[PDB]
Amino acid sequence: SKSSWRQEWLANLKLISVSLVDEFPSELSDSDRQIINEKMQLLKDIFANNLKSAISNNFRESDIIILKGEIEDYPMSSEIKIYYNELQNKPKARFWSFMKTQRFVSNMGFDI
């Protein structure tokens, strides 16, 4: 069943657009910033070369949005959270933190 769930996800990822945000939700050290940035880049490579997804430069034009934290950690002033808030107050994009994403990609058979 997880095997079937992976094959369904794998086939669907070939027809998905992924966006990786540049905004950090909160204050971190230069070390924590660097570690996240490295993972973001590794994740971008997994989606484009292994999962075969399209990489979108506009998060408003993508199916899955990779964040530098949880959406609840993002400030009200941030464009990514302003966009998120609209999709709640209107009846379809996905918002995954890098940690959530890293685990999903592990579940796809790819470990950073």
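The numbering used is simple: start at 1 and walk along the sequence shown.
In at least a third of the other PDB entries of this protein that model the residues around it, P91 has no coordinates. Unmodelled deposited residues between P91 and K92: 1 to 3, per the record.
Relative to one another, 68-76 and 81-89 have unequal mean CA B-factors, and 81-89 is the one with the higher figure.
Remark: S56 belongs to the lowest third of its chain, ranked by C-alpha B-factor as recorded. Split the chain's modelled residues into thirds by C-alpha temperature factor. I36 is in the lowest one. In the deposited entry, the Cα temperature factor of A48 sits in the middle third of values across the chain's modelled residues.
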